Amino acid sequence: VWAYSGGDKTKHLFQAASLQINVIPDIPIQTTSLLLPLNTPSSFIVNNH
Amino acid sequence: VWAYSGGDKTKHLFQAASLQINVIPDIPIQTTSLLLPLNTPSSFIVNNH
Amino acid sequence: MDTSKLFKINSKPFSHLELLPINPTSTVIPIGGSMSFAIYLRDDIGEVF
Amino acid sequence: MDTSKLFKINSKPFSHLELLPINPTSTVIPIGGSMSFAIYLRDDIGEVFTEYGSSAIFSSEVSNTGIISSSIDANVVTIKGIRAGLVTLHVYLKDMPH
Amino acid sequence: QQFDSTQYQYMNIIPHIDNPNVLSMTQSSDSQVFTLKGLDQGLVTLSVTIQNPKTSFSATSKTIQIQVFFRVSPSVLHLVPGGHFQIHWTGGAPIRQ
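Chains as they are written, first to last, in the entry's author numbering: chain A, 1328 to 1376; chain B, 1328 to 1376; chain C, 1426 to 1474; chain D, 1426 to 1523; chain E, 1082 to 1150, 1153 to 1180.
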C-alpha cells in the first residue's frame, strides 16, 4: 500500500512494508460446519428444526 | 390406477388395489454421500481430485 | 482437523431400476431419428447409487 | 445410519473483527439518512463464527462528533447522518479491545 | 506490581494465535511459561488473555508477532561505464525490514 494526497496522486507520501497473506487449501467435500467461541451454547438444533 | 380404452375413457375396464408409499423424513444437514453396491471399487477420490 | 471435511458411504444391494428419457422434447421418435434413456439404480429408500 | 447426516463443530477464540456495510446503494450517506453495517467475527483462517454467545459485547466510537450518531443492536451497527463532512467510525469487541 | 509465579496456578490462562500451522505452541511444566515451535516459513500474530475463575474478569496482552525463517546477490559484479543493474537479496525479515 502507498499513501498519496487526495489532491496530489502523482507521487506517494508514504509506502508500507508488504504484508504476506498465506492461503490454505480446502478439502472440496461439502461438510456442514459450525464454529463456536469457548464456553458458549448453540441454538443450531432448534434453528435447523 | 384405473385402465380405460384410448378411444373410450367414459368408464374404466379395470381398477388396481391401491399401493401405499411410505415417505421417510430427511435430516436437513447437507452431508456429502456415496451409495455403492457390494464388493465394488469407487473412483470418487480421483473424480473430486 | 480445522480445514477437514466429512462424508458418508452406504453399502447396499440394488433394490429398484428406472429407465427415463434424457431431456426429451416430444413423447415420440421419427422413422430415421433417435432418443437416449438413462438407467438409474436405487436402494430400499430411493437413494441413487 | 443409512438415512443419517454428519457435521463438524470447531471451538476457538475470536482472532479478527470486520465491520462491513449491509447492501450499500452508495459510498455517501445524506443528512437525515442512515446506513447499517454488520460485525463479522473470524478465526485464525478466516472461518466465520456461526453463533457469538452472550459474551460478544461490542462498542463503537466516532472521531468527529455530531457528523453522525451510531447505535448497536446484536452484531449490527446502524448510523445516521446529522451534518455533512468526513468521520471515522471505530468498532471493537468491548472486553477484548485488540 | 507483578504477581508471583506461585499465584499463576489460580489463573485461567488462554493463548491466542492466527496461524498455528507456521508457529505451534504448548504449555510447559510451569503454568507461567509456554514453549513455541516453528514448523514452516512465515509470520504469525500472538497474544495471551488471563481470566479469574471466581469473578469471570479478564485482561489481555498487547498483540505481538513472531517470524519463522540476509545476503546480497551477486556478491561480485562486473560492468562497463554507462551500464545499469539491480541488486537482489535473500533471507532475513522480508515482511518487516
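Just so you know, even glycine gets a beta-carbon here, dropped at the ideal spot from N, CA and C.
Residue i: contacting residues in chain C (beta-carbon distance under 7 Å)
i       : result
B:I1354 : Chain C residues near B:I1354: none, gap ~11 Å exceeds 7 Å.
Contact set between residue i and chain B, taken where Cβ atoms lie within less than 8 Å
i       : result
D:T1450 : Under the 8 Å cutoff, chain B gives no residues; its nearest Cβ is about 32 Å from D:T1450.
Listed by chain order, chain C residues near residue i by CB distance under 9 Å
i       : result
D:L1431 : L1431, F1432 and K1433
B:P1364 : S1436, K1437, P1438, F1439, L1466 and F1474
D:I1470 : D1427 and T1428
Endpoints, beta strand (DSSP E) assigned at residue i
i       : result
D:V1501 : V1501 to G1506
D:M1460 : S1459 to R1467
D:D1498 : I1493 to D1498
E:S1139 : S1139 to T1141
E:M1106 : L1104 to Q1108
C:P1446 : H1441 to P1446
D:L1514 : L1514 to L1518
E:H1171 : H1171 to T1173
E:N1093 : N1093 to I1098
C:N1435 : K1433 to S1436
E:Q1132 : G1123 to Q1132
Amino acids of chain A, ordered along the chain, whose beta-carbon sits closer than 8 Å to that of residue i
i       : result
E:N1100 : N1349
E:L1124 : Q1347
Element boundaries [alpha helix (DSSP H), containing residue i]
i       : result
A:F1371 : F1371 to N1374
Partner residues on chain B for residue i, Cβ-Cβ distance less than 9 Å
i       : result
A:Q1357 : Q1357, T1358 and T1359
D:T1428 : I1351, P1352, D1353 and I1354
Whole-number beta carbon distance between residue j and residue i, since they are thought to touch under 8 Å
i       : j       : result
E:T1141 : E:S1156 : E:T1141 to E:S1156, Cβ: 42 Å. No contact.
B:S1360 : C:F1432 : 7 Å
E:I1147 : E:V1125 : 5 Å
D:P1438 : A:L1363 : Rounded, the Cβ-Cβ distance is 11 Å, inconsistent with contact.
Within chain A, the residues that residue i reaches when beta carbons sit closer than 9 Å
i       : result
B:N1375 : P1355 and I1356
Per-residue contacts from residue i into chain D (C-beta, under 9 Å)
i       : result
A:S1332 : Under the 9 Å cutoff, chain D gives no residues; its nearest Cβ is about 14 Å from A:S1332.
Residue j beta carbon less than 8 Å from that of residue i
i                       : j       : result
C:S1436                 : C:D1468 : no
residue 1589 of chain D : D:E1486 : Residue 1589 of chain D is absent from the structure shown; chain D starts at 1426 and stops at 1523.
D:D1520                 : C:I1470 : no
D:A1463                 : D:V1516 : no
A:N1375                 : B:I1356 : yes
D:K1430                 : B:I1354 : yes
Contacts that residue i makes with chain A (C-beta to C-beta distance below 7 Å)
i       : result
E:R1179 : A1344
Under 7 Å from the C-beta of residue i: neighbouring residues of chain E
i       : result
D:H1523 : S1128, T1141 and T1144
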